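Before any questions on how it binds or moves, here is one chain, the form solved without the ligand, in structure tokens.
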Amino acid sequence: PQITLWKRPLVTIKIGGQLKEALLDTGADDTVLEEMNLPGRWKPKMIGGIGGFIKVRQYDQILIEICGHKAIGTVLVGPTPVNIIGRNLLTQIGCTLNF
């Protein structure tokens, strides 16, 4: 698609046979979701944003589909108000910014 930005760029994703919604976020280095039962154990990680820093759970090798585009990578679970697809996955679907 070619997605204009007059509203938040929310798209449908699929993770572990659950459809969710998430934000295509070029200002995010990593991908951050609020929840899921991603397979078991996790490693702690720090991430920062505008307000300061937060601890997240890092899960590796996570299969995710973004508008039907298959991808695999690291997904953080943390206190984000919106699910965030960051650059680590945006690159895998060949997402570019254009103007």
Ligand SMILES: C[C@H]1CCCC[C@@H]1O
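Note that residue numbering follows the sequence shown and begins at 1.
Beyond what is shown, the protein has a form deposited with the ligand bound; the following relates to that form.
- Though the partner is left out of this view, residue 11 does not reach within 4.5 Å of the ligand in the deposited bound form, counting heavy atoms only.
- The shortest heavy atom separation between residue 90 and the ligand in the deposited bound form exceeds 4.5 Å.
- Although the partner is absent here, residue 67 sits far enough away that none of its heavy atoms falls within 4.5 Å of the ligand in the deposited bound form.
- Along 1-35, these residues reach a heavy atom to within 4.5 Å of the ligand in the deposited bound form: 14, 15, 16, 17, 18.
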